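Enquirer: before the rest arrives, take these chain(s) from the complex:
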Amino acid sequence: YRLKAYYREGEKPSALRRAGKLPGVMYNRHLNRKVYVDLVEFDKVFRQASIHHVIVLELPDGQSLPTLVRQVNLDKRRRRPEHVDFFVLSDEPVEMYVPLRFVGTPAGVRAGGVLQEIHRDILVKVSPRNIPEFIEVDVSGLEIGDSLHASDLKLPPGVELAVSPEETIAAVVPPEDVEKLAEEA
Amino acid sequence: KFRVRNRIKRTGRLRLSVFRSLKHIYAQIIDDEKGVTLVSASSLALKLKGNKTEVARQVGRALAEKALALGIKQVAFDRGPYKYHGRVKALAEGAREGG
Amino acid sequence: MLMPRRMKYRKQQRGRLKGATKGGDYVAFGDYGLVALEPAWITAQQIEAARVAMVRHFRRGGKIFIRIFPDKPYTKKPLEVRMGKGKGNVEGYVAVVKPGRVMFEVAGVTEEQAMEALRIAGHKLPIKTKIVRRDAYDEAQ
Amino acid sequence: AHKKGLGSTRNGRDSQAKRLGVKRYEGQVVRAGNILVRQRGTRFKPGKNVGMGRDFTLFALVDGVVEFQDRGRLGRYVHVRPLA
C-alpha cells in the first residue's frame, strides 16, 4: 500500500535514523540514487504489505511512485531495521519472493506429528502488472516419512518459475518425546 | 598443445615465428618487445615452385637475403608442432646461421 | 552432548570478545525463536539442560531445531600442582556466543508452549536472553 | 601440599626467521648485485634484467630502478630501468 518518501541528499545514516527516520537507496536498471522514509510508519506498514506485496511510496517531489524494497541491512547489535534498499517497479520478467499460506489439517498432523515448512516467501518470477498476491497451497493428504516440494505447486496462470525446482518446500516430521531420554543412556 | 612456453626457450632474447600446415609454408621474421614482426615469405602464396621439399629450402634463403636488406643478425626458431626435420631451408643458410 | 572429533589440533588459545556475533540471527528453520544475548560461552550442561526444560514440560509436542554447536577446549590444569608446566586439557566443550545471537527454534506447538518453555530455559542459562516471532527476518541466507 | 604426578609437554618450540621479503622497493636506484627480494616459492617470477639464484633470489642485474608488472595467469614479474 501507500507510504511516505523523501529525496535523500548527502546526509549520514545515524542522524536520520536516531532522529526517527530511515534512509534508503532506490534503483532500477537505469537508476541508483538515494532516498529515505520515516520510522514508525515504516515499521508498522512493513507488517502488512511488506515483501509479501508491492509498495507505493509517495515522494513530496510529486511522484507517488510504486516500488519494492529489498535489502534492509540490520544493525546486528541491539538490532532492528537499519537501511532498506529499493528496487523500482517495471513490467519486465522480474523476480521476487511470494508469500504463502498452506491450508488444511492432514494425517501426520492430528496424530501428533508436526510439519516442517522450508519456505513461505519463494523464489519466483512475474510481470508486476500481474498481482499474484499470496499463494495458498495444498496440505490435505500429508503423511510422516514423506516429503512434498518442487514443481508440484499451483500457478496463477502466467507466473513462471525461478528455482531448480526440486527445492524442498516442506516435510512432516516425528515429534520429540522423553523416550528420547532412553537414548540419553 | 606445445605451450610449455617452448617460446620461453624462445623468450630467450629474440624470435622468428613460422608455421607449416597443408600445402603452404608460413615463414615470417618477428621482433618482439611489443610483438612487431618484420619479414614475410610463403610457399605457394608467392607463385614459387611446386614441390614442398625443394621450395621449403630456398624459400627460407629467399626471405633471408631479403632480411639482409632490412638488417638483422641472430634470432630463434619459433614453432609449436615440429619434431624438427631440418627442412634444409632450416633458416640457417637462410642468413641466421641457424643450424 | 555432541561435538566435532579431535580435528586438526586439540589445544587452542583463550579469547576476548568485544561484540559482533558474526551473524546468524533469524528464523529460516522453523518458527518461534529463543535469542541469546550476552558475550559468553554456551555450556554443554546448559545445552542439554535447555533440552531438558523443553521436552520436560512440553512432552509429546512437536519439533525443535538447532543452529548452534558447542565445541571448545576448556584448557583445564590439575590441582595443587603449582603453576607452570603445560597448558591443560580439553574439558568444558563450550561454544562462542555473543549478544543478539538467537540460536533455538520451536515448531508445531501453541504460542504459550514456546513462551513458558523459553522462560524456564532462560532461567537455566549462565546468563539470560530474549524471545520472538516470525515476520521481519524473511530473506537471510 | 598434595602435589601429584604431573604430565610433561614438548610444545616449547618454533623456527627462527631472518628478514624474509621485499628487500628493495621500486623507486629505489639499484646497483647490480643488490639482492632485492627473498622468497620461498616462485611467488615472483624474475624478469627483464632481473635474475634468480637457487633460493629464488631476485637481485639487480643492471644499473637503474625497480618496476613491477602482473598479468592474470602468468603471475608477478619484476624489471629494472637499465640506463646507458
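Expert: In hand now; what should we look at? Residues are numbered from 1 along each chain as shown, chains lettered A, B, ... in the order given.
Enquirer: residue ranges of the helices in chain B, please?
Expert: Listed in chain order, the helices of chain B (DSSP state H) span B:3-10, B:52-68.
Enquirer: Spell out whether the first one and chain D are in contact.
Expert: Which is helix B:3-10. No. If you take CB under 8 Å from any CB of the partner chain as the test, helix B:3-10 misses chain D, and the best it gets is 9.8 Å. (Each C-beta comes from the backbone N, C-alpha and C, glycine too.)
Enquirer: can you tell me which residues contact the closest residue to chain A within chain B?
Expert: Nearest residue of chain B to chain A (CB to the nearest CB) works out as residue B:1 at 37.5 Å. Contact partners of residue B:1, counting by CB atoms under 8 Å, 6 or more residues apart in numbering or on different chains, are B:80-81.
Enquirer: mind running it again at 7 Å?
Expert: With contacts defined as CB atoms under 7 Å, 6 or more residues apart in numbering or on different chains, residue B:1 is in contact with no residue.
Enquirer: Would you mind measuring from it to residue B:80?
Expert: Note on residue B:1: its distance to residue B:80, by CB to CB, to the nearest Å, is 7 Å.
Enquirer: what do you get for residue C:13?
Expert: 55 Å.
Enquirer: So which of these two has more stuff around it?
Expert: Legend: neighbour count by other CB atoms under 10 Å in any protein chain shown for residue C:13 and residue B:80, higher for residue B:80 (12 against 7).
Enquirer: what's next to the lengthiest strand in chain D, contact-wise?
Expert: Ranked by number of residues, the top strand in chain D under DSSP state E is strand D:63-71. By CB under 7 Å, 6+ apart, the surrounding residues in contact with strand D:63-71 are D:24-32, D:36, D:76-83.
Enquirer: Quick one, which of those are buried?
Expert: D:24, D:30, D:36, D:77-80 (16 or more other CB atoms under 10 Å in any protein chain shown).
Enquirer: What is the most widely separated pair among those residues?
Expert: D:30 and D:77 (16.2 Å; CB to CB).
Enquirer: And chain C, is the biggest helix by length in chain A touching that?
Expert: For chain A, the helix with the greatest residue count under DSSP H is helix A:40-48. Yes. Residues of helix A:40-48 are located near chain C by CB under 7 Å from any CB of the partner chain, namely A:46-47.
Enquirer: add RNA strand E to what we have:
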RNA sequence: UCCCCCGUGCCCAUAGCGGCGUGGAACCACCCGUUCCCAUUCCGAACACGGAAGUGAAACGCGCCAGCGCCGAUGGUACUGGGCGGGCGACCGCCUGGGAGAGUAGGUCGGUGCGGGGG
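Expert: RNA strand E added:
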C-alpha cells in the same frame, strides 16, 4: 583507400562451457601414401616427405539462449592509526579519517599489436 581468412603478442577469466549458427575456392582441419625424414617403454596415434581421388563432419576464427561462469558499483553496518568519556565483570559511546565481503541492480559468449593471404 572503407576492406574477407590465418602465423601471432598484449588485456586478465565479461576471454572459459553445453549448445545454438560457421566457412572452405583461398586459408585451415584434413585428407591421402609410410617411397624421403626420423620417430613409438607397443601403435607413423607424435613428425616429416607426396598427390591427381576427396571431406566440410570431428577442429579454429568468426555470429548467439546468456542457464553456469567471471566482472559488480550505489547506500549502510563490522571493526579500526587518532582523540574524549561510563564498568560485579564482560563491555561501551561521541567525534576524525576510513570503507569491505555480503545483500543489490547490473555487465559480458571475447577486448586488441605486428605481419601476410584480398571484395
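Enquirer: How many neighbouring residues does the closest residue to residue B:5 other than its chain neighbours have?
Expert: Spatially, and ignoring its direct neighbours in sequence, residue B:5 is nearest to residue B:11 (6.6 Å; CB to CB, 6 or more residues apart in numbering or on different chains). Close neighbours of residue B:11, defined as other CB under 10 Å, add up to 12.
Enquirer: Mind jotting down where the strands sit in the chain?
Expert: Since you didn't name a chain, this refers to chain A. A:2-4, A:6-7, A:21-27, A:35-38, A:55-58, A:66-68, A:84-88, A:94-98, A:114-117, A:122-126, A:147-149, A:168-173.
Enquirer: The chain in question should be chain C.
Expert: C:32-36, C:40-42, C:63-65, C:74-76, C:89-91, C:95-97, C:103-107, C:129-132.
Enquirer: Likewise for chain D?
Expert: Going by DSSP E, chain D shows strands at D:29-31, D:44-46, D:50-53, D:57-60, D:63-71, D:75-81.
Enquirer: Let me know which of those is tucked in deepest.
Expert: Highest mean neighbour count among the strands of chain D (mean count of other CB atoms under 10 Å in any protein chain shown): strand D:57-60, with a mean of 20.
Enquirer: can the longest helix of chain A be found next to RNA strand E?
Expert: No. Where contact is defined by CB under 7 Å from any atom of the strand, no part of helix A:40-48 touches RNA strand E; the two come within 14.8 Å at best.
Enquirer: Summarise which helices and strands that helix is packed against.
Expert: When contacts are defined as 3 or more CB pairs under 7 Å, 6 or more residues apart in numbering or on different chains; DSSP states H and E, helix A:40-48 packs onto strand A:2-4.
Enquirer: Would you list the strands that the strand it packs on pairs with, along with their directions?
Expert: Its sheet considered, strand A:2-4 pairs with strand A:55-58 (parallel) by DSSP bridges.
Enquirer: Now do the strand it pairs with: distance to the chain's middle.
Expert: Relative to its parent chain, strand A:55-58 has a centroid offset of 17 Å by CA atoms, centre = their mean, to the nearest Å.
Enquirer: One more: stretch D:30-49?
Expert: Taking mean C-alpha positions (CA atoms, centre = their mean), stretch D:30-49 and its chain are 7 Å apart.
Enquirer: can you slot in RNA strand F too:
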RNA sequence: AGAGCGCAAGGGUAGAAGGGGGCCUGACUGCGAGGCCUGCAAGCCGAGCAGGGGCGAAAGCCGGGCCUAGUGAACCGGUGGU
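Expert: That brings us to RNA strand F, laid onto the chains above:
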C-alpha cells in the same frame, strides 16, 4: 593443479621442479663488481673476466637437486703432492 614433488610443515611449481629417454659429467681452476642479512664469527645469492669442458643445429643452458635442519670456530696429529 585436490596427483605428485625423498623424510615433517609452509610456500610454491605440470609455461616443472613431476614422468620416459640419448649423450655425457659446470657435484669446473684461479677472480668477482654488488648486496640481503648482519654487534662479532657465520649463512647466502650472484650476472660478467681469462682458462677450458658437456649437450642442444643454434639463440644458448649448467660455478650439484624447487627451497628453508642432515651441520660444529680453535688448539693437536695422519695423509699425498709442492
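Enquirer: RNA strand F added, so what about the contacts of residue B:1 now?
Expert: Applying CB under 7 Å, 6+ apart to residue B:1 gives no contacts.
Enquirer: Same check on residue B:40?
Expert: Residue B:40 neighbours (CB under 7 Å, 6+ apart): residue B:28.
Enquirer: Name the nearest residue to the closest residue to chain D within chain A, sequence neighbours excluded.
Expert: Using CB to the nearest CB, residue A:32 is the residue of chain A that sits closest to chain D, at 29.4 Å. With CB to CB, 6+ apart as the criterion, residue A:32 has its nearest non-adjacent residue at 7.3 Å, and that residue is residue A:25.
Enquirer: Same question for residue C:47.
Expert: Closest to residue C:47 by CB to CB, 6+ apart is residue C:70, at 5.4 Å.
Enquirer: Distance-wise, check the one you found relative to RNA strand F.
Expert: As judged by CB to the nearest atom of the strand, to the nearest Å, residue C:70 and RNA strand F stand 28 Å apart.
Enquirer: Also residue B:13?
Expert: From residue B:13 across to RNA strand F, the span is 5 Å (CB to the nearest atom of the strand).
Enquirer: Contacts only, for residue A:172.
Expert: Residue A:172 is in contact with A:108, A:113, A:115-116, A:142-144, counting by CB under 7 Å, 6+ apart.
Enquirer: does it have beta-bridge partners, and which?
Expert: Assigned bridge partners for residue A:172, using DSSP bridges, are residue A:115.
Enquirer: Run through the residues that contact the closest residue to residue A:66 other than its chain neighbours.
Expert: Leaving out its chain neighbours, the residue that sits closest to residue A:66 by CB to CB, 6+ apart is residue A:56, at 4.0 Å. Neighbouring residues of residue A:56 by CB under 7 Å, 6+ apart: A:1-2, A:64, A:66.
Enquirer: and which of those is nearest to residue B:23?
Expert: residue A:66 (68.9 Å).
Enquirer: and that closest one, what does it touch?
Expert: A:54-56, A:89.
Enquirer: Report the central residue of the chain.
Expert: Let's take chain A. Nearest to the mean C-alpha position of chain A, by CA atoms, centre = their mean, lies residue A:51 at 4.2 Å.
Enquirer: I'd guessed that residue sits against residue A:69; true?
Expert: Yes. At 6.2 Å, residue A:51 and residue A:69 qualify as touching, with contact defined as CB atoms under 7 Å.
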